[PDB]
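Written below as structure tokens is the structure these notes are about.
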Amino acid sequence: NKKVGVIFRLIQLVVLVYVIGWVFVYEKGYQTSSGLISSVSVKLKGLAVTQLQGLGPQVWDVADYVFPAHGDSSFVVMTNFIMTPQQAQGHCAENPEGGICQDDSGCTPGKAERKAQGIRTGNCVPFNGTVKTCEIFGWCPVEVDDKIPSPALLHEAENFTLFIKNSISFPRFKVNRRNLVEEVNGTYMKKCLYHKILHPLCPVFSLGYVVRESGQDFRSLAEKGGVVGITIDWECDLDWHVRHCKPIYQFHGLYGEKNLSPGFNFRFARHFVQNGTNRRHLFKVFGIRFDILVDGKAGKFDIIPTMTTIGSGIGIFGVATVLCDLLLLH
Amino acid sequence: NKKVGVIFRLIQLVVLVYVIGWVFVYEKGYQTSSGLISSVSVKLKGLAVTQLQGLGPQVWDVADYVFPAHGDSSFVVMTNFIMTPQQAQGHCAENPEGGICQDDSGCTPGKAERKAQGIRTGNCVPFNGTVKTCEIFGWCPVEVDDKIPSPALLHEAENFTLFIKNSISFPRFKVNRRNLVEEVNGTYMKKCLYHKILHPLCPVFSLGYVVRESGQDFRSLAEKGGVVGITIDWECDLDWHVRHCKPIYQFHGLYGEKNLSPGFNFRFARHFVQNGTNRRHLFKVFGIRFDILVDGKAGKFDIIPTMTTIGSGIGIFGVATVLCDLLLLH
Amino acid sequence: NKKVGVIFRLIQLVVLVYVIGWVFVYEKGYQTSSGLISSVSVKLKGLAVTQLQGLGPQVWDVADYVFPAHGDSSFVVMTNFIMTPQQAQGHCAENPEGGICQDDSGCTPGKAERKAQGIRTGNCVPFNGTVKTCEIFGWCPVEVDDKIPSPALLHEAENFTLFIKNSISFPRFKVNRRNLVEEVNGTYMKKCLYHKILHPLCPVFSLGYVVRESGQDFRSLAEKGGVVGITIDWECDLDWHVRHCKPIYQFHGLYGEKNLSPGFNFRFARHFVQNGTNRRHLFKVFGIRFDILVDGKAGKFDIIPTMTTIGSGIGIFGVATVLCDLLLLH
Ligand SMILES: Nc1ncnc2c1ncn2[C@@H]1O[C@H](COP(=O)(O)OP(=O)(O)OP(=O)(O)O)[C@@H](O)[C@H]1O
Ligand SMILES: Nc1ncnc2c1ncn2[C@@H]1O[C@H](COP(=O)(O)OP(=O)(O)OP(=O)(O)O)[C@@H](O)[C@H]1O
Ligand SMILES: Nc1ncnc2c1ncn2[C@@H]1O[C@H](COP(=O)(O)OP(=O)(O)OP(=O)(O)O)[C@@H](O)[C@H]1O
Ligand SMILES: *[C@@H]1O[C@H](CO)[C@@H](O)[C@H](O)[C@H]1NC(C)=O
Ligand SMILES: *[C@@H]1O[C@H](CO)[C@@H](O)[C@H](O)[C@H]1NC(C)=O
Ligand SMILES: *[C@@H]1O[C@H](CO)[C@@H](O)[C@H](O)[C@H]1NC(C)=O
Ligand SMILES: *[C@@H]1O[C@H](CO)[C@@H](O)[C@H](O)[C@H]1NC(C)=O
Ligand SMILES: *[C@@H]1O[C@H](CO)[C@@H](O)[C@H](O)[C@H]1NC(C)=O
Ligand SMILES: *[C@@H]1O[C@H](CO)[C@@H](O)[C@H](O)[C@H]1NC(C)=O
Ligand SMILES: *[C@@H]1O[C@H](CO)[C@@H](O)[C@H](O)[C@H]1NC(C)=O
Ligand SMILES: *[C@@H]1O[C@H](CO)[C@@H](O)[C@H](O)[C@H]1NC(C)=O
Ligand SMILES: *[C@@H]1O[C@H](CO)[C@@H](O)[C@H](O)[C@H]1NC(C)=O
Ligand SMILES: [Ca+2]
Ligand SMILES: [Ca+2]
Ligand SMILES: [Mg+2]
Ligand SMILES: [Mg+2]
Ligand SMILES: [Mg+2]
């Protein structure tokens with residue numbers, strides 16, 4: 001039948017056009033993918049002043065709210081903290097959430113199995129006017145995290161400037177690229193803010209804009225901390241000029257249930273010596289966690305991948321033809 | 001022939017059952033796999049008190065033995081250290097391991113090529129009553145690391161509590177998951193310890209339990225140092241409910257030959273100003289290295305992967321039947 | 001025809017030799033591959049004395065130029081810094097790059113929108129004899145970055161010794177290997193220096209050698225900063241003995257356009273209490289960024305990969321071999 005032959009030739013032309021176009025153009029068959037070596041260098045620039053009751057104006061600069069100072073990809077930006085200054089290793093009443101005692105016989109000398117707050121001496125001392133806690137030996141007085149100020153202390157850190165410097169290089173092709181491209185110049189970085197449509201190549205990111213693009217409100221996040229994931233994609237074609245290689249930034253919001261362990265927090269201490277007595281300042285920082293992930297590939301024309309793709313296409317063509325013949329003969 | 005037809009039908013039925021089951025159900029071909037964005041947040045609640053010979057009791061809390069304060073996945077838990085306090089830059093005898101001099105003419109002014117402890121002045125000063133070392137200009141007193149206490153100073157850190165907060169999200173499917181599952185509640189995290197059979201979902205990990213599950217003794221690993229690798233496999237299936245998706249924790253141990261470079265150690269110093277003189281406290285911490293690596297895949301039904309798997313199965317069936325027929329023909 | 005059959009037999013034996021040798025040996029089809037768990041431990045031994053103008057001799061050791069104290073794959077080695085001592089919060093003039101004012105009416109009370117150095121009170125104070133800058137509320141004095149010392153301060157850090165301790169383990173094969181191979185002994189590491197041909201197994205890496213092998217000059221990387229990427233490869237075959245497994249160290253140079261943001265730099269502060277007043281020392285460190293990336297796989301004989309390769313070879317032989325029949329027809 002002529003119609004059977006027409007259908008066979010149509011299927012043959014379809015599969016041939018497919019194997020000659022799709023894998024070659026969309027899948028980049030004539031090209032070869034290769035990994036890159038990425039080193040993330042982040043740099044912020046902003047000032048936040050937090051005024052607390054009983055303490056003077058606290059000045060916080062880039063070195064203060066950015067705890068990883070060596071330029072690590074994973075860094076935390078301080079937004080809310082609880083200040084517990086002038087801690088000494090001495091006897092004090094333990095935190096009330098650890099345990100409540102009504103008499104000295106209730107306390108047991110030793111160390112707590114879970115949430116150890118100090119070396120219990122077996123004495124029940126009054127923590128305050130109402131409740132009493134077992135005396136412990138440790139840094140004192142114990143930090144009380146119970147109260148969380150609803151307004152963020154470092155609320156000025158919402159619209160800060162975040163500069164991410166990423167340099168990637170492909171060892172196979174020996175091509176080194178950086179986030180700073182030929183389109184971006186010195187005067188451009190001085191007056192640009194990152195945007196998905198307006199300024200896609202501007203390396204200066206706004207913290208509030210980054211948090212809002214991920215799908216999270218900055219105020220509720222900074223109130224108790226959080227995690228924001230930033231990804232940089234370096235998908236490009238080496239067949240064109242190096243100016244076409246431009247990094248693409250995607251922001252992903254990492255959030256969980258607020259009923260169980262809401263936000264992200266941690267504690268750090270600054271050890272100093274004053275009046276011959278070693279003292280420290282403990283801060284429970286509720287800050288946003290920023291993680292930079294870089295994943296990209298580069299493809300250039302090569303003989304061996306092209307030949308392998310041609311062979312695979314010829315094989316698929318033959319398989320399709322023999323299968324069509326088998327289906328037609330029934 | 002009837003037997004040849006029976007054999008061919010058996011072969012085609014076998015390969016059909018194969019392409020139906022093994023490709024779809026076993027390999028999840030109809031589903032679509034994507035990567036996740038992982039962020040690691042770790043917390044340790046526990047106190048360790050170390051009393052040195054001739055020194056007062058020293059209190060070490062979460063801010064002390066956890067050196068990464070921001071909460072990086074790679075963190076070291078202090079278990080044994082050597083304290084050399086009151087170091088100020090000065091001209092003094094070098095460590096005897098660097099060099100031994102019998103007269104002043106042996107020392108040469110300059111800097112050592114390898115393991116340089118200071119700028120040699122060219123004078124041979126007695127380090128102690130027996131041996132003499134060349135005078136250098138560096139921090140003094142030179143830390144002597146030869147004597148490591150067999151009993152671990154922070155031996156109480158074996159049965160501490162480690163909480164790992166892992167939040168992963170898939171961008172293509174827009175699904176966010178956290179290590180805290182619906183099965184785990186607030187009262188469950190109060191009193192639970194992670195176990196391979198009893199409590200697999202309890203986010204509270206015991207350091208000694210993690211070390212013993214990897215195959216290492218905590219005492220020997222703490223007295224000299226070591227590395228423990230923790231991996232979180234987020235096997236997630238979007239076809240079912242999100243409650244069935246669950247994280248799986250695997251504990252691995254990284255160890256080497258004890259004769260060459262036993263354990264893991266590092267050196268850090270705390271700079272302070274006392275009596276108008278810049279002084280520091282150097283510590284050679286022998287701590288266990290913990291690394292968190294999260295890798296997971298999610299699968300959701302989709303039309304295009306299903307069609308591709310059906311086409312691949314049809315092709316495999318066709319090729320197999322043709323091959324079988326060729327073999328039968330012989 | 002005889003020649004047609006000869007050509008057919010030749011093509012068949014060629015594709016048979018291909019499917020029996022290439023996928024088996026060149027691709028290691030019978031072997032199975034899996035990921036490893038790697039932890040990077042770096043430790044440097046070197047001392048450099050920087051005699052800054054106006055200050056006494058400053059001694060720098062491993063606890064000084066290595067900013068990651070615990071130890072991470074990404075670490076910075078200090079080569080040049082700008083010291084601003086005795087910083088205290090107060091009301092002082094700002095930098096001229098932020099803003100220049102000729103009268104008190106020019107300054108506006110509030111905080112700068114971009115590159116906010118300090119809270120501007122609103123009064124124009126003379127920064128020096130020539131120019132005047134708006135008075136701010138921040139750390140006093142202000143760091144100046146217009147003058148960069150051309151001679152490297154830590155120029156002695158060029159030929160320091162870098163030791164990398166990497167422990168890899170394959171959970172699929174339960175084999176643990178370390179960079180310290182059996183060929184390397186204790187006395188070997190005392191005098192060896194890493195080289196591409198001379199000492200490939202020596203774990204003592206020279207900083208200048210690493211910088212020069214990547215393709216970058218150490219002088220520019222010390223003056224303005226730089227980034228160097230080091231990759232460790234663990235490609236090995238488990239069919240042989242474990243002594244044949246040797247780590248491969250490759251150095252990559254990550255550089256960008258010197259006209260826009262040359263090198264890598266950061267700022268960190270050391271908080272201390274002197275005379276009852278909180279003070280700090282801010283350093284703009286121009287250091288080289290070293291990133292360690294470990295990627296490797298191990299191969300061991302197994303029955304299932306061998307059977308899959310046999311089936312794939314049979315399939316290819318069937319497909320390719322039946323193919324060209326339309327061509328026999330001519
Ligand atoms: N966080 C940021 N906010 C705004 N602009 C930035 C930020 N980081 C870098 N830039 C801009 O990028 C350019 C290149 O930065 P570079 O690496 O030279 O920093 P730098 O000039 O050494 O830092 P400093 O200005 O403290 O000396 C600078 O001109 C600067 O204006
Ligand atoms: N290392 C740990 N050991 C035991 N329990 C922990 C640990 N980390 C967290 N938890 C428990 O998990 C719950 C949620 O933790 P969350 O993130 O709220 O810490 P937190 O309450 O801010 O810390 P803190 O209790 O020190 O203020 C808490 O109720 C706490 O009891
Ligand atoms: N950065 C380095 N430069 C030169 N030699 C090193 C370096 N790191 C380690 N080594 C050598 O490797 C051997 C094993 O090192 P090990 O892990 O015992 O360090 P360590 O002796 O604890 O450190 P320290 O010498 O500071 O006490 C040592 O004999 C040392 O000479
Ligand atoms: C004493 O401390 C406890 C701790 O929970 C608190 O509930 C109580 O209100 C305090 N009492 C006073 C008078 O401050
Ligand atoms: C938002 O950005 C502006 C800069 O134009 C700044 O003045 C303002 O303080 C920012 N908002 C907050 C809440 O910090
Ligand atoms: C700076 O970069 C921008 C990119 O948006 C470009 O439009 C502009 O022309 C550049 N300026 C100069 C002076 O080249
Ligand atoms: C002096 O120091 C050396 C260092 O190796 C030691 O061997 C020796 O015993 C010491 N002598 C005394 C008397 O302490
Ligand atoms: C083991 O855990 C218990 C808690 O039940 C604790 O009291 C004990 O000190 C731990 N052991 C060590 C060696 O720390
Ligand atoms: C807490 O979680 C555990 C999970 O093991 C569950 O058995 C228990 O019922 C939960 N408690 C409440 C009050 O829901
Ligand atoms: C004052 O500071 C400015 C800062 O740019 C500088 O250019 C100028 O030379 C300085 N004047 C004197 C007299 O130091
Ligand atoms: C180069 O290495 C030698 C060691 O033989 C050392 O003496 C010299 O100071 C090094 N060069 C620099 C610039 O540090
Ligand atoms: C030390 O290791 C080197 C490796 O190059 C080897 O040649 C030498 O024989 C070893 N020394 C001893 C005493 O085994
Ligand atoms: Ca101090
Ligand atoms: Ca890291
Ligand atoms: Mg609490
Ligand atoms: Mg030693
Ligand atoms: Mg500047």
Side-chain angles (χ1 to χ4, degrees), chain A residues 39-48 58-78 160 162-163 165 266 268-272 281 283 285 287 290, chain B residues 63 67-70 72 266-273 278 280, chain C residues 44 48 50 52 55 58-72 74-89 117 138-145 148 153-154 157 222 224-225 227 263-274 278-290:
Chain A
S39 181
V40 179
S41 300
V42 293
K43 180 184 301 179
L44 290 79
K45 189 169 300 180
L47 190 86
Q58 298 176 349
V59 178
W60 309 98
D61 68 326
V62 184
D64 287 5
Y65 49 77
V66 176
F67 305 88
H70 55 274
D72 192 8
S73 60
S74 300
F75 62 96
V76 187
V77 179
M78 173 177 59
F160 276 180
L162 169 60
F163 169 73
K165 180 174 58 182
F266 59 92
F268 81 104
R270 301 179 180 179
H271 299 271
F272 61 93
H281 293 348
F283 307 93
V285 173
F290 294 92
Chain B
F67 302 89
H70 47 273
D72 194 5
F266 56 90
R267 298 178 179 268
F268 88 103
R270 302 177 181 179
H271 299 270
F272 62 94
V273 177
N278 300 20
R280 71 174 191 174
Chain C
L44 294 81
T50 63
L52 187 59
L55 289 315
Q58 300 171 169
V59 180
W60 307 102
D61 68 326
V62 52
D64 289 3
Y65 46 78
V66 179
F67 297 87
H70 58 274
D72 196 3
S74 300
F75 63 97
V76 189
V77 179
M78 173 178 58
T79 58
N80 183 23
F81 62 96
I82 300 180
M83 178 178 183
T84 60
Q86 305 296 333
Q87 288 191 347
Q89 303 176 359
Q117 303 179 10
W139 300 91
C140 301
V142 288
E143 170 177 317
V144 287
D145 300 325
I148 299 181
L153 299 181
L154 292 85
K224 272 69 181 300
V227 180
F264 167 73
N265 61 274
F266 56 90
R267 293 177 296 271
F268 80 104
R270 301 179 181 179
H271 299 270
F272 62 94
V273 177
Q274 180 180 0
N278 299 20
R279 301 177 181 179
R280 72 172 191 172
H281 292 346
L282 184 58
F283 307 93
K284 186 181 183 184
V285 172
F286 304 92
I288 307 179
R289 180 58 173 269
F290 294 93

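Chain letters run A, B, ... following the sequence lines, proteins first, then strands; residues in each count from 1. All values below were derived from every heavy atom in this structure, side-chain atoms included, with hydrogens, water molecules and symmetry-related copies excluded.
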So, for [X] and [Y], which heavy atoms are closest and what is the spacing to 0.1 Å?
X       : Y        : answer
A/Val59 : C/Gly138 : CG1-CA, 4.0 Å
A/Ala63 : C/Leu282 : CB-CD1, 4.5 Å
A/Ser74 : A/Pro68  : O-CG, 3.6 Å
C/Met78 : C/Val285 : CG-CG1, 3.6 Å
C/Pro85 : C/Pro141 : O-CD, 4.1 Å

Check your understanding: Does the gap between the ring centers of A/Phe75 and A/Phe290 come in under 6.0 Å?
Key ->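 Here the rings of A/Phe290 and A/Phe75 have centres that are less than 6.0 Å from each other.
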**Study point:** C/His70/B/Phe268 aromatic ring centres below 6.0 Å
**Key:**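 No: the rings miss the under 6.0 Å criterion.
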Let me confirm one number: the [atom1]-[atom2] distance from [X] to [Y], rounded to the nearest 0.5 Å.
X        : Y        : atom1 : atom2 : answer
A/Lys165 : A/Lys43  : NZ    : NZ    : 5.5 Å
A/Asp72  : A/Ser39  : CG    : OG    : 9.5 Å
C/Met83  : C/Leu55  : CE    : CG    : 4.5 Å
C/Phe272 : B/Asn278 : CZ    : CG    : 7.5 Å

Practice item. Go through the steps to decide whether A/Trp60 and A/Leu47 satisfy the test side chain to side chain contact (heavy atoms under 4.5 Å, CB included), and finish with yes or no. Key: CA-CA 6 Å; A/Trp60 309 98; A/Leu47 190 86; over 6 Å; no
Taking the side chain as everything from C-beta on, heavy atoms only, tell me whether [X] gets closer than 4.5 Å to [Y].
X        : Y        : answer
C/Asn265 : C/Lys224 : no
C/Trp139 : C/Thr84  : no
C/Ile82  : C/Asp145 : yes
C/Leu153 : C/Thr79  : no
C/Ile148 : C/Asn80  : yes
C/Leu44  : C/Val77  : yes
C/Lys284 : C/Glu143 : yes

**Study point:** C/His271-C/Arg280 side chain donor-acceptor pair, cut-off 3.5 Å
**Key:**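 There is no such pair (donor and acceptor under 3.5 Å, judged by atom type) between the side chains of C/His271 and C/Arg280.
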Exercise for review: Could you tell me whether the side chain of A/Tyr65 and the main chain of A/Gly46 form a donor-acceptor pair under 3.5 Å?
Suggested key: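 Side chain of A/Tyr65 to backbone of A/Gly46, a donor-acceptor pair under 3.5 Å: yes, one is there.
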**Study point:** Short side-chain to backbone donor-acceptor contact, C/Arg289 and C/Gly225, under 3.5 Å
**Key:**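 A pair under 3.5 Å: no.
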Check your understanding: How far apart are the C-alpha atoms of C/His281 and C/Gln86, what are their side-chain angles, what is the distance that settles it, and do they pass the side chain to side chain contact (heavy atoms under 4.5 Å, CB included) test?
Key -> CA-CA 6 Å; C/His281 292 346; C/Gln86 305 296 333; 4.0 Å; yes
**Study point:** Test side chain to side chain contact (heavy atoms under 4.5 Å, CB included) applied to C/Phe283 and C/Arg270, step by step
**Key:** CA-CA 9 Å; C/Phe283 307 93; C/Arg270 301 179 181 179; 4.2 Å; yes
Review point. Do the rings of C/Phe266 and C/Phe264 sit parallel, tilted or perpendicular, given the 30° and 60° boundaries?
Key: tilted
Exercise for review: Start with the C-alpha gap between A/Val42 and A/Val40, add the side-chain angles, then the distance that decides, and say whether side chain to side chain contact (heavy atoms under 4.5 Å, CB included) holds.
Suggested key: CA-CA 6 Å; A/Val42 293; A/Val40 179; 3.8 Å; yes
